Each structure stands twice: as C-alpha cells, then as structure tokens.
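The structure under discussion appears below in the form of structure tokens.
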Amino acid sequence: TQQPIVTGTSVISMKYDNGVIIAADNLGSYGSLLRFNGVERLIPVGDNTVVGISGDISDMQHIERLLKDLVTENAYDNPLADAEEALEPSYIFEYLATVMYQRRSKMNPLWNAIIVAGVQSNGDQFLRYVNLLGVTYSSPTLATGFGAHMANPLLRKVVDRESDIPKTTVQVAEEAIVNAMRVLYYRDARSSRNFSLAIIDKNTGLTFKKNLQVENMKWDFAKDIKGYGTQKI
Amino acid sequence: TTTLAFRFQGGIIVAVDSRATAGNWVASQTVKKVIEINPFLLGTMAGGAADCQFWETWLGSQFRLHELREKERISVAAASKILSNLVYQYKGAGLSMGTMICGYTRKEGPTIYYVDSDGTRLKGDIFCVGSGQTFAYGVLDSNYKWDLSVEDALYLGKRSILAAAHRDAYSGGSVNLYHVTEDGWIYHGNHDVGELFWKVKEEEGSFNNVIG
Amino acid sequence: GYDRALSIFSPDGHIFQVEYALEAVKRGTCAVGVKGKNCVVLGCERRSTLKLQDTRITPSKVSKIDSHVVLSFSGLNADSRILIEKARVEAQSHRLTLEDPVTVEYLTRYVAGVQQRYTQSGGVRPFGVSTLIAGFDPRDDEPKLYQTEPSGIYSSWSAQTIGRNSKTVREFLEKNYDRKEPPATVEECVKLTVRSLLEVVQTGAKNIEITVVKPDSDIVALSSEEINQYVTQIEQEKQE
Amino acid sequence: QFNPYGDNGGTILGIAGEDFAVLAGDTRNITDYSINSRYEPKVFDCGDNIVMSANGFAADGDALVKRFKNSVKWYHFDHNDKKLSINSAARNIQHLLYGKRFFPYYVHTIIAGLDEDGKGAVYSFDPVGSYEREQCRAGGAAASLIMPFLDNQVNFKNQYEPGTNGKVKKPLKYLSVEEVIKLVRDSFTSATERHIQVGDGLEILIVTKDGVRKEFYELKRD
Amino acid sequence: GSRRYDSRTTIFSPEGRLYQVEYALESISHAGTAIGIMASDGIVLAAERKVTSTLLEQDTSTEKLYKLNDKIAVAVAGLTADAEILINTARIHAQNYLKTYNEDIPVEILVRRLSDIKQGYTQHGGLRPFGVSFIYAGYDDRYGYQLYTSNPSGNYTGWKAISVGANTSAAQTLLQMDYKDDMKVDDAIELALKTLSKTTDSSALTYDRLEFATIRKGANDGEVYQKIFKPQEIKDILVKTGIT
Amino acid sequence: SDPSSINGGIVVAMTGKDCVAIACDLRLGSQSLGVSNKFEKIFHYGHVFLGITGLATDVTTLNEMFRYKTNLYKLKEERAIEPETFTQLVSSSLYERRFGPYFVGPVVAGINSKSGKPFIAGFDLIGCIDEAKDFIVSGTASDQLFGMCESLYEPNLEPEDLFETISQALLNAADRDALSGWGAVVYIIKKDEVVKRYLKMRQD
Amino acid sequence: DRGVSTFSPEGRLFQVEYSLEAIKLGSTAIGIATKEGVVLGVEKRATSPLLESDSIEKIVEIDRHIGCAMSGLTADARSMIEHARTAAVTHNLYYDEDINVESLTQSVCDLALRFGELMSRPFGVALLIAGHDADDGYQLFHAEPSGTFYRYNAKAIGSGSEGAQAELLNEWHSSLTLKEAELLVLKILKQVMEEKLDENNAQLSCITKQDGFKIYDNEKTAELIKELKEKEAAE
Amino acid sequence: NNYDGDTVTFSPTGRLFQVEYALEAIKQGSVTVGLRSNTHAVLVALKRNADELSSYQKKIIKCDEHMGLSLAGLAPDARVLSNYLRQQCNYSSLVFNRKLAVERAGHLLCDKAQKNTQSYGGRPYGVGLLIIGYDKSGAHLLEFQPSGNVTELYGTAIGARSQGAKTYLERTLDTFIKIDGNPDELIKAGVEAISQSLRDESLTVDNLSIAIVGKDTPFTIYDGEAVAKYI
Amino acid sequence: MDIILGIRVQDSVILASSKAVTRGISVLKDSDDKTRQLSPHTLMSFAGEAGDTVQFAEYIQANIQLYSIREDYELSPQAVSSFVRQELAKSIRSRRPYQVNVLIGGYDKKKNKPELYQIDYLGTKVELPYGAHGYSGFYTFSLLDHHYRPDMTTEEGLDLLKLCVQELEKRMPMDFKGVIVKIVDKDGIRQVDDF
Ligand SMILES: [Mg+2]
Ligand SMILES: [Mg+2]
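Below, the structure is given as structure tokens:
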C-alpha cells in the first residue's frame, strides 16, 4: 500500500474504421503543483501498439521498463520476432493485466490506470483498459480519470456502439479526440495544454504525434462576466 | 438460523430451519443446514455457511480415511474432535461455526457433540444453535423425555423449529428432519413452514394469537 | 544435511543394510512371547557375562508403551530406546486426539512404520532391532501378540521368539504350543515361556525375566524367586 | 488506505429448466456513477457444457472464471478427457473460492448446465464457497428486485387456484425454454427501469444436450 | 561427486556391528583407566591420567573427572575434547530440567539423554561417533546412589562397581573379586586405588598420575556433597591406604 | 493494564560499613485483590543477592533463568559469580529482550568475596544499570522509597544500624502504597554471614 | 560407490532393475479382470505355523471401487497404499465423485521414481490395482517401481509369475464369469505355491460395481477350493 | 568405463556416457514416426504391449489444443517433460493470451534436459520425444533428445528400427511435404513410413496410435477402431 | 468459564468448580466438569477462554501421562505445577496466548502432604491453603480468612466450601449452576456426587 506522488491525468482513446486513436497530456503533477511539463505518457511497443498510462509516474516508468524488457525478451531465439511472432496488443495487454492484478493481490499495487491501444495481426482494432485493481474492460471509447466523465460522453456521440466504428473515419475520430482534450483542459485542474496523440492504423501503421497543443479556445465571453450576482461594474 | 439436535431412546433427532439472510434480505429459503458427513454421521450448519459446509465435507474425508486405515467405524468422540482440533488451529482467523456432530455407534450409543469456532467441544443430550435457538429450547425443555417415541421425537424437533421460525425473523422457510440410528441416519423430509404453521395451528390449537 | 542412500538394492534384489540389521538382532539376547487364553507373557534373556550389575536401575528388557501395552526386543539396545520413545509419544497422542488408547495392532503398525521409514530414507541406517509388542485392546479380553523387524514388516503370532538361538526356542514352541488349546491360565503360560527359554538360557537364575500382561491394564513383572520356582518345578518334572 | 476491492455492478440470473438451463446477465459494467462499457460479456462458456458467471468485483470475477476454465482443462489432462459433470464442477469451484477464505473473491458465482441425468441444473455460490443446487437464482445488484418476481412467476408462490380461496395451490407446471426466456427478459426490463446499474444489453446463454447457444437483447441505455 | 570420499560412519558390517562404534571402543581401550565403585554411604570415582609430565600443572588440570551438577559427576575415558562437548550438553540438560520441574534431574534421565545423543551419531548424520565412554556417579532421592556407564554406541547400563578405558578385563575381575554389597566409601576408596595400582601400565601409582572424587552423604545432615580431590589430598589417601 | 503495577511490591537495597542490606515486601496481588503474603522477591545465587519487583511471572521466570545461568557459570568457572559480574549478566539478559522485555525492576546486592567491597546495583526493565553508592529502590512505591531513603540514609552504617534504616525505609514506603506491604523481609549481608529478618507490619 | 539414479550401459536404471529382483522373491499375487468383476488373489506364505495367517494383509482396500494386491517387500507398500487412499479420498473431496482407476494408478506410479540423493531407493514391491469406474468399466493394472503401469486382462506377479502368466495366457477369455475367474486364480495359485493351497495360506478378493471391493472370508474361499478340487477330479 | 559413474563426468575423449546410456534407452523403445506438410503435422506411433493380456503402452501425449508429442524410452520421464510442456503452454496462454510457439517449446525442453546433464546427483532423462504443433508460423515437427539437442525437421523417426522409417521419409520428402489440406493422405504417408520399421509384427487395431494437428484441426489422438481406416 | 475454588485441608485438597457453560445468551450445559486428572494423585481444575481451557488442560494431561510412562513414576505436585507454570509463562509471549487459569490440587506421596497451587494465565504461581480465580475470591476469601484452619478435616473443609458457594449463589449475578466437588488425598482422586 502506497499513495501516488507524481501523477498523470486523463488518458483518452477511441476506435475508428481502420484502427484506434489514443491521447494523453504531457503533465506530471505533484499534487496541486504542476511540476513536470515534458512527461510522455503514451509509450509505443513495436509498430502496432501504444500503451497510455495515467496515475503514478514512478510506477509508469517501471511499467515502461517492463514493456521495453518484454520486446527484448520476445526477440530472444525468435527468427520471426519482426513478423509472425512479433508482440501483439493483446499479448502486451494480458501481460500488464496479469501484473496489475497480481500486484493488487499482494496489497502493493501499481497505482495506474492503463489503456492499451493497437491493431492486431488480422487488422482487428484492440482497445482495452486495466487499472491498479486489475479491473479490465473494453469499449468503443475508453478514458481514464476525468476523461471518463468528460471525454467519453463526447466520444460516445461519435461511436455510440460497435456498428458506428466502420462509419467513423480517422479524421472524424481525431477531431473528436482533439476536441475532448480541449474540454479536459478547460475543466480538469490537473491538465496541461500540451499533449501527445497516437494513431494506430491497419494500413498506415503507427503515427505518433508529439508536442500538440490545445487551440481554438473560447475565452472572450469572460470579459462580460462581472461579480458573483448583483455587481454591475 | 435455528438448528437443534437431541438424544433419546430411539437415537438422535436432528431438526433445522432453511432460511438464509444477508441483513434483512432473505437470500434463500431452501438452504441445507444438515451436512450429511457420511451415512452414519450428521452435522448442523450455523454461523458461517461456507465454514460449516467446507469443513464438515472435509470432515467426511477424514472419517473415510480413518475407517480405511483402522478397519472400523470412527467414534462420534473422535469424529467431533477432529473438527474441534481443526477449527482450534484457525482460532483468531475469523471462522464462524456453531455445529452439532451427531452419531450413533456401538461403544458410545447415540452421541451429540456441540462444536464451536472458539474451539469449544461439548458432549450433551440437547443442543440448540442459531438466532432462534432460545425459542426452540423452550419447546424442547418443556416437552423432552428420554422415553419419547421416534414419531413423537420427530414431531418435537419439527415443532421446536416451527416455534423459532415463527418468532425469529432470521429463521423459517422449511424444516428438515433427520433421525439418527445405529445403522445410519434416516431423512424425514422437507416441511414448508408456511403450510406447517397452519396445519399445526389447527390440529394442535396453538398460536391462538395468530388469526387463521 | 547428510542425504546418503545407505539402504539400497543389490543385484540379487537384496537390501544388505536391512539384512545386516537382522544380524544385529540375531546377536541380541533372546526374547520370547507367548499368549494364553486370557494373558500374554513376555520372556527375556539376560546374558550372565555381566555380573556386578545393578538390576534395580539397569534398563529392563520389557518396556511399557502404555498402561495396557508392552514392548520387548532383541538387538541393539540404544536403537530400541528410540522406538520405545516414539511409541510412547504416539500412544499419548492417540489418546489425546481419538479419546481412546491405542490398539496393540495400531501401536505395532506405527513402530513397524517407523522401522520401514528408516530403510528408504536418506542419511539413516535401519534399526538393528526386532520387537515383540503385546497387550490387550481397550475394553477387550482377547490377547494380542505382534512381532516387528528392521525391514518394517509386522505380523500377529500365537507364540514367537526373536534374538540369539531363537531358531531353537521357536523349534520348541512349534511342537509344544497347541492353537486349539493355548495355556489356559497365567501359570501354564508363564511355565511354557520359562520352559522355552530354558532350552537356550544356560542357568535359570537371574538370566530369565518374565513379564505377565493381563486385560484392563494389569501388567506385572515377576521377581527372581517367583521365576526360580518355575525353574525348579520344570527340572524336577524333567528328572523322569 | 488501499482498497483492493471494487464494485462493477451488473446483475445475473440462472434458471434451471426440465431438460435445459439458462444463465443470463446484463452487459453493463460500471464504477460508481460512470459506465465503463455497455457491452462487457459477463457469462462465459467454460467447456464441458458448463456456463459460468462470477458477478460483483469484475477483477475477481475474471480471475475465478479463468482459474475454473483452467481447472476444466487440467481435469481433462489428468483424467483421460473425462467430461467434468456440473456437480463436480460445483464442488471444484467451492475449493477455488474457499482457497481464498481469508482474502475472498468478492463475487457471487452462478454456474449452469445439465446434470448426469440430463436435467437442468443451476448452482449458486457465496463469496467464500458455500454452494447449493437451485432451480432459480438471481445474483448481483438487482437480485432483490428479481427474486421475489421469480418466486411468484416460476414457483407460483402465494398463487392459489380461483374458487378454492387459499385451499389449493397453483400447480407447479414445467416451463419451456421459450417461457423461461420471457421471464428472464421481463426480469431484466423491470430491473433496468428501477436499478441504475442495470441496462445497455442482456446476454443469455442457453444450455441443452445439443450444446451452448447465445441470445442477445437490447436494454435501456440511460 | 562427494560420495567418493564418504567413509559411511553409520553402517552395519556383514556381522551386524557398527564399524565406527567398534573402532571407537578400540580407541577408548587405550585411554587411562577410570573406575567407579558404589557403596551404601557414597560413591567413589578414581581415574588414571595418561603418561603425564613433571611440568604439567596438576592442581589446575582436569582430564578425567567432571562435574555435571551438585549431585552428578562423570569419569571420562577417551577423547577429552569429545567428552567436553557432551559434558556441556549434559550440564544444560540438568539445568533445563531444574528450570522446568524445580527439582534436580534424576540421574538416569540425564544418563539416558546423553546416551541418546551418542546413539543419534551412530544411526544418522554421517558423522563419526564420540570416542568417549563415561562413568556416571550420581545421587537422587528416588534410587539414591547410582553408577552408570555409557559408550559410543549410546548403550548405557547400571553398575555396583565398573571400570572403563584400559585394562577393563583385568580391572573388572579384581573388582568382582573384592567387592561386597555392604561395603562402605572408605573401603571402596581403598579398592579403587588398589585396582588401579595393579592394572596400571606405569611402574608405580603416584598422586600426580591420578584424579579422584567421592560423592558422599557425608555432608552435614540429609544432603549430598561432591568432593573433587586435590593433588595433596590424593597424596594423603595413597599413604593412608598404604600404596606409597 | 500496566504490567509493572498489576502484582505490586517493592525492593530496596542499601550499603553500609563492610555490609549490604536488601529488603522487600511480601505482597502479590491481582490489582486490588491481595493474593499472597508470602511472595518473596529476593533470591540469591551463592553470595550474590537479587531482588526483583514488577510482573510476578517474570520475577519467577528471571529467578529461574539466573539460577540456571549462575549454575553453569559456576561449573565452568569453578567459582561463585561476583556481584559486579552478575550485574553485567542481568543487564545483558534483560537487553537481549529489548523489543519484548521482562516487566521487572531488578536490584543486585552483595559483597565481593575477594576485595570485600560492598556492592549494590539497580536496573530498568530493559537493562540499564544504576550503580549507586548509597541505595537502590524499585517497585510500585519507588517514589516513596526514594523519599524515605534520601532522608533516612547516611553512609557507613553498621550492620545492626543499617537494618533499622532499611526496615523503616521499606515499611513506611509500603504503608503509603496500596499494592505493597502484607509483610516484609530484610537481608543483612556481611562477607561470611547473612541474617534474614521478617518484619512485623500492618496487614492492610 | 555409485549413484542411486545411475543408468546402466544398456539404458536401464540399476536400482529399478534390482528392485524387480526383490519382487521376484515375493509371494505370488494374481489378478483376473472380467465383465462381471475383477478378482484378486494372493499367496500368504507364512514363515512359521505359529504366525497367525489372518494377520497377513497382502490384499488391501484403497476405496470402495478400488482394491489392491501386493508382492515383494510388502512393508514398502504401506506408504503407497496410504498415498492411494489419500488420492482417492482427496479427489472425491475436490470433485464429488469416484476417481478413475487409471488416474489412481497414475498417482501411485508418480511416487515410484521419486528417489535419489525424496526417498533413498525405489519401492521393492509391485502392485496389482483392480477397480471399476463408469468410463472404462472393470480394470486391472500392474504398478511397478519403474513408474510404469500396464493394464491387464489378467496378471500374475511374484515368484511364480512367469509360470502363472503362461497359464493365464491359455485360460483367460473375454467371456469369463466371476465364479470362473475365482476358481482360475485358486487353480493357478495352487500350481505355483510351494505349500498346499488352503483357505489359511491363500486369500481371495474381488471388486464388483454393486458391492464394491470385498476381501473373501476363509469360509467362503474354502468352499471355492472344494469346488475347484471336484471340478479338476471331474476329468 | 571409469567415466560413466555419473552425469557430471566427461570421458578423456570428451564424452558423457550417462547421457549416451540415456540415449540407448530410446533405441530400446518402440518406434514412433513424425512428419508434416505445410497445413498439418502427424505423429504415428507403434505401441508396445507387455504380453497378450496386457494393454498397449500409450505413446502420444497432448500438451495443448495446438501441440503434443510422441514418446520413445522411459514413459515416466515423458510424463514429466510433457507435464512441463503443458505448464509452459498454459503459462503463455494465461499470462500473454498467446499460444506457445513450437520452436520455443523445443528451447524450453532443451534447457530442462540440459540442467540434468551438468549437475551431480541427478540423471539425464531416459526418453526421446517427437513434438508436433501448429502455431502462427504454420505446421512444425521437432525431435527431442535427452542430451538436450532439439531439432526442427520435416519428418523423422525414433526408437527401435527407426532407421527404416527415417530413410523412407528421406526419399518421400518431396511428396509428403506437398500433402496440403488432406489429413488422410498425410497420415497414410506416416503409416507407410512406420511400416518400414516393422519386423515379424504388423499394424493391428490396438497396436497403432496416430495423432494430428493442423490449420483447422486441434491436436487429437486416434486409437482403436479410429485407426482401422488406415490399416 | 466462571468459578473455580480450591482448599487445602489437613490430609487432602478439595477443588470446587462450576457446572455452567454459557455461550452468550444461553446456558448450553449445566453439568460440565472443569477438571482433568494429570496423575493418580494430581488434579487440575481450570477456567478461562472457551476452547483454550480444555485444549490446555488435555495438553498438560498428555504430557504428565507421558512422563509417568517413560519413568514409571508419578511427578510430585510441585514438579507438575512448575511444568504447568512454565507452559503458561511460555504461552503469554506467544502469537496467541492460552487464556487459561488453573488450580492444581495434588497429594505428595513422598512428603505425605496435600498441596494446592494457584496459577493464572500469565504463569503466576502461588502455593496456598485456599485459592480461587476471577471474581470467586472476592466473595469467598473473607469467609476463608475467617474460618480456615490448617488442621481442618475433609468434612470441615466441605462445610466451609458450602458456605463459600452459598455466598456466591447469593451475591453473584451469574447463575453458575452449582459446583462439582472433588477430593485429592493419599488414596487418589474421588468426586463428591452430592453437593
Ligand atoms: Mg438502467
Ligand atoms: Mg488493604
């Protein structure tokens, strides 16, 4: 049993017709102190998987090393390490899910909420969630922390069920994700303007976008707001 | 819960209710509170349901190993003591158990051992365990005799559970009756308390307070 | 720990360490067990090479395992103490858990099990001891007499002998013991036991020990004079 | 302080027919007032014509189901591909659950299938392994809303034959698989209306001698 | 591997003897003779130090006679270092018993414990046995004065008079000849010293070659006194008995 | 609840001219209930005397332990243990139970057989040695004993004068403590004679 | 000396091959499987007439549906029997059912090769494990100290095994009744035994689906021996 | 000679005699054949009986839905190694939701057998194994030796008289590798291969044991009247 | 359990122990014998936490019976009481201590003296002319202090014991269902069946 110290906030994600999108801001908070502004919380594994992590950053870095070690280990005595016997998103997730549940069962959890986004060998979209309790679930849209409360409602308006996935393009999906990140910046006190976004497409592969910013923000209406009730000036 | 067991001329009567509750919610009315350890030995279920089920089932395995090794029926004394020694090892861990280990052997005759999750092991003639134990005791104490017939003893056990089932909110559903003889136990059926109450009320003239 | 396999099979299928343990028993002083109709008698040889002995304190050959069971032996004396201790502990353990004293068969089966264990455990040699275990089961009047040996096999006997010159006394018992009519009284059983030892013992002075076990935990060891009276009566009948 | 347990909501329902058995469960997965997934399968085909669901804390639920499926696999290896009977499966699950007696799987487990005589069988477990063959068992969030309805409509409790006025009970006539599915659907429709954690979808697994069949139905998503 | 170098200390010979026990007994037969004689009013322990030197500090030396507690003492024959390992274990056992029951350990119980330890080394562990034979002289309120002996086999027996070490055959015959049951301590003292004087491999028996002790109820009223004799006191008793 | 004041009782030790004195009450109780008026708290191993206050089971256990250890000491050393050495043994033995201690207040008293020097020492439950010249106090009336000893004590008292001082120090301290009293014993210790005196006191 | 788990140049474990020689010295035990039941019979071979032969226990119950006969160093079989009984009872506890005869036999045979430098040597005893389950019906297994077990329609182990097996070769057919098997065991036991076969120096037993495992009374066996003598004198 | 007392001792020519003696136990064992195409992999095993009353010793063991082996030599050792394979296959599925690659299964068996050849007290495994499987890179056939040497092959045979079947497969190599999408013809080639190792005895209904795994075929063993088709 | 009394008179030790066994709300038994014979001339009564009491008493019994067989000799009451005290003193610093208070009444055949030992769950041993555990002493000791004499007969001891029990029955809130009385003397142990 511990308490999280340096923390990362929402990870948001969704499926679209040819793959998955996942995003997370570049902030490592220290309570209310916005301590670290250059933290990458999307960690790619190979060219087919991106693991998005929220919660304790020290545990994230540990998980980051486990995944790095997993790739090394998979390549051992494996002539098809970059082909048929490459790591799948499903393999990577099940491994993490095992670790997370084992660690919670020893009463020493990895204080995280994780979303594994990727594309399988057969082109199938993979998107599944796992957290410090070892709880797992899949959905057309997945989000951690504040993202669950604010991003999911917006992302679910695009892909409300399984049948909406083939109807959703990468441009529409990315637009929805980027808008959700703006909404989270407006409303999450532990978020930053800077974020990373990753697209894993079955045709165009892994596209990893760094140093993105929330833009097209509405603040002008603030000038008209005065006082808290009766004040006119 | 209401479970009882008493020794008499014809052996042992075991009688239990059937209700299981989680708070005020009635989880089940068809629970088996008599564990059939083996064809000769019975155990009652009170306190923790799993603890009683698991360990009294495990119990039957130990007795089976005993009679394989020793080529002889295990005594009720040895039988009950295996359980009491087991739960005593777990003392403090939070096992919840209140049971009567009932059996009829040659050397002992009809024997009842009250076994407890605190490690208590008591030989006795009449035992009543559960939330409705006090109600069952009243009927038992006032009507019990050693020279009861098997028919009257069975009814006394049935009637005593009914007394508890009526008054105790956490007892009811149905009554399970067993009669333990030297050649083994004999099951004497499941008796719905709803139907049994009205039947007993009319035939006996009891429960005048209740309108029927 | 020391894990060396001392007891092992040889090409001819023999475990020499177990067989050499029997040779230690062959060297041991003779012990004899005879069960009557309502008693069992354990006779034991005391070699008279050792005089100036203190017979009060010297370890007696017959040992009580419980109030109702006794154990005698032939072979290594030091080894026998380990089996006797284990048996006594198990007897109390049985009373504690089963709420009933051990049957003679159960106690035998336990001791025999210990002996067996030492024939296929690493870093140990077998016991150089064969035992005669006698007594009466709780609330039972049927006499019990069992024999164990280093290998760990055990069995029930109407009468049996172990130790040096046990071949001779077994020869005697096989012709003198009738199964259809065993020694009906304590006297007859003790007499037959003393007679069987007199085939081997040498002098019937302090060389013969006799212990009589009867039902309901009635165990008593005969004194020198009591035994000497049997020795006297046997030879006076023999002079004819 | 770290709390190793959580509540993923959900409601499951097992009903034993004459020569069939159904195990149903909603597909909604939740924490607090949020929906995690509108379709997260909760009832599983475990092989050997056995269906299982471990409702409550989903991590323990998934762990138990996974271990039981594993037990079925090893039962085949160790015992010459022998079919694991529903009663044997039930006893095995007790030991899996009681194995963690002092750090329990926080789930209410139900399995369903056919017994060795081909009759419908449902078994119901508490978190620590006390189990029981039953004809009818709802588990989870809306169990208190469903069971009284089942007492009334399956077992015909408190129902008497008109004209007799309480003297003759309504006879316990056998229900067909089509009749059971109607009661399952109405149970969940009613539960969805009055319980916030119940909704989205209903997945029913039907077990017969022919095998395991699945049926899915929409539920209200509010 | 290691098996190659294993002597296998705990095995039977084809005749059914324990090789190492038999060879340890052979070792003990070359050790200085120790004699114990039990009388009605006490016990005598007499023992011969092995070919000593004139420069050996005798008054502070102890190789034969050791104190286990206030009631029990032992005479050693064999490897002194092995004996001290066992002696310390016996001293601890006596104290454990006293702590447990609040009563001094009965002699036989102590003897059985040490004998069981010796036995263990002959049956398991793959170690060599202790090359030691003890004579136990002790008193308790059950059996009174008691003499025991134990040897490397772990077998122990009770005695009225007994010898261990060198020339036990000659010594035991001499004791068997002159011992009587109604004998007293002062007579037993004389017998012990006379026996050693005849069986010794030395030219003459002197005070510097001896260790001597008595366990007497010759303590003021109902209690027992151990007396480990000093060099001058051994010299006096040698003159008194008429050996020097 | 407090283990050091369940059973009650006191020990006091004093030095005099070529002599030491150690004294104790005889009470053993279960809080308010008086259980025994014969529970002596002073023991001796050879010529070294040990008083022990506090939890009675530990008093008994430690006595048995130090008897055990001083007996083995004597067999190996071939001489009786001295007060200075025993004091270190008591300290070592208590501190080895640092995080599960015996709830006691031991007091050593004796005369060194070789130097003839009077010696006393006290300990806390955990082994810290208090080697005072004048006096050592222990038990549930230790405050009272400190008050009595501090005023009544003067150095170089003769054995028979020291007896009066230590007796009056004990008695009047015990009479101001609910959990002490019910009789008292005083040991007057000289180099080769020890006198033990039971005192007459109020029995409430 | 040499390792306990050493291979010979022929590719066999010395200790296992040597334990097989000890089994050859053991008393004869015969098993015959039929569609009406499996029969187990043994030679008791008392070393002296004073030995009470009914105390010789070479046929043993493992469970109600599984019996066992032994040959060789019979003291070694006790821990094997203990394990078998435990395995049978434990499986019933875990699975609320009888355990398959093969699965039981496999559990016993897993102990066999657990020796080295675990126990110090292999077992010096062979077992004939006979039983019944619903899946494979009546079964007879031969469990060796090598860890190998063969199922048999009929099998003899012990000193008179090769002579008895040759006799079982000719006599066994798939339509044997239980009564025919009982007499056949008695016939072959009598053939290979040193002493003359009677109810005191030989023992019979069987396992049927209805009645389970049963050791035969000396009175019951005596009648079958008398029935055997008459039918052999009949031609 | 002087260097065969245990597995920890090299001979003067650098040989491990205990391993070679363990290898000899395989040659005494009954013949078993392994062969594969691009779609399927087949095991054919000649089971051995003690006598006419006895059953025929089972030769083939299932390790997972997609993998299994046939044995030749000490059957208990095969049970240990197959049990180990079952666990490793199972660990891969539970932890990584991943079917264990046949090549990796061979690496694990090699390493397990190796530890028994370099340490004192233990002994080499006295069994040879033919592992077949269908994984993400298609059909596979492995040959395990208790020296630790595992070899991926198109076809092979181990046991007594295995050289006859091995030569046949060496001739038939170009034919049987092309038997794709036809399980019956691939088994026929295996049954014809193992027939080259027979003398005096022939393939009967309770003598023959066949197993197969493939693209849409779980590892399934055929015994009894199920193999009468191929006799 | 509740009340256990002990009194050592001239030539015997008398132990009185309550018969009631109460588990919470109900009195499950009114004939419970809270004692074990450790040896022919040594009896131990006991009271404390449920399960622990009997487990401890039988454990002690087994150990003394083992010693008796090994040595063919009965340990003195003092020796037995010291053994028992050590077990309780060992127990108090265990993971889960035995919550058991005992009285050991024995007749020393060597000294020809009755002996009563009082030992609590901490391992606090005291030899007494009369003793008790729990609240029993609070009601009875004033009577025992007044009437007790070391030269009392067994019959006088029983009369003083009756007076103690009567005071308990009057002033104690709990119904302990009377007492089973046992006498330990030179002839061994016997139960007073009418009390
Ligand atoms: Mg809803
Ligand atoms: Mg007062």
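Protein chains in written order, with the deposited numbering: chain a, 1 to 233; chain Y, 1 to 212; chain Q, 1 to 240; chain Z, 1 to 222; chain P, 1 to 244; chain W, 1 to 204; chain R, 1 to 117, 125 to 242; chain S, 3 to 233; chain X, 1 to 195. Beta carbons: idealized from backbone N, C-alpha and C, even for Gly.
Item	Value
First and last residue of the uninterrupted beta strand (DSSP E) at W:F146	No beta strand (DSSP E) contains W:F146, which is instead part of the alpha helix (DSSP H) from 142-152.
Sub-8 angstroms separation of a:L67 and a:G52 beta-carbons	no
Residue environment, P:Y5, which counts as buried when at least 16 other CB atoms sit within 10 Å	exposed
Cβ-heavy atom distance, Z:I196 to ligand 1, below 7 angstroms	yes
Terminal residues of the alpha helix (DSSP H) in which Q:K167 lies	166-176
Closer than 8 angstroms at the beta carbon, the chain Q residues around P:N155	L76, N77, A78
CB contact check: S:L96 to chain Z, cutoff 8 angstroms	yes
Check: Z:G199 C-beta below 7 angstroms from any heavy atom of ligand 1	yes
Contact test: X:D145 Cβ vs ligand 2 heavy atom, cutoff 7 angstroms	no
Length-filtered (3 minimum) beta strand (DSSP E) runs lying within the region 27-65 of chain W	28-30, 33-36, 42-45, 48-54
Proximity to R:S212 [Cα-Cα], best of R:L25, R:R64, R:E237	R:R64
Where a:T72 meets chain S, residues with beta-carbon distance less than 7 angstroms	Going along chain S, no residue has its Cβ under 7 angstroms from a:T72, so there is no contact; the nearest lies around 15 angstroms.
Residues in the region 161-192 of chain R having any Cβ partner in chain S nearer than 9 angstroms	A161, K162, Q172, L175, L176, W179
Coil, strand or helix - residue 1 of chain S by DSSP	The requested residue 1 of chain S does not occur in the structure, where chain S is confined to residues 3 to 233.
Reduced DSSP secondary structure (H/G/I, E/B, other) of Z:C46	coil
Coil, strand or helix - P:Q58 by DSSP	coil
Cβ contact (3+ pairs, closer than 8 angstroms) linking the region 114-123 of chain S and the region 6-26 of chain S	yes
N-terminal and C-terminal residue of the alpha helix (DSSP H) that R:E102 is part of	101-112
Chain X contact residues for P:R142, given Cβ-Cβ distances below 8 angstroms	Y73
Contact check, Q:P59 vs Q:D141, beta carbons under 8 angstroms	no
Of the residues Y:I13, Y:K32, Y:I12, the one placed nearest Y:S171, counting alpha carbons only	Y:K32
Endpoints, the beta strand (DSSP E) within which X:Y135 is located	Premise fails: X:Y135 is in no beta strand (DSSP E) and is neither H nor E.
Cα-Cα separation between R:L25 and R:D76, rounded to whole angstroms	14 angstroms
Chain S contact for R:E117 (CB, 8 angstroms cutoff)	yes
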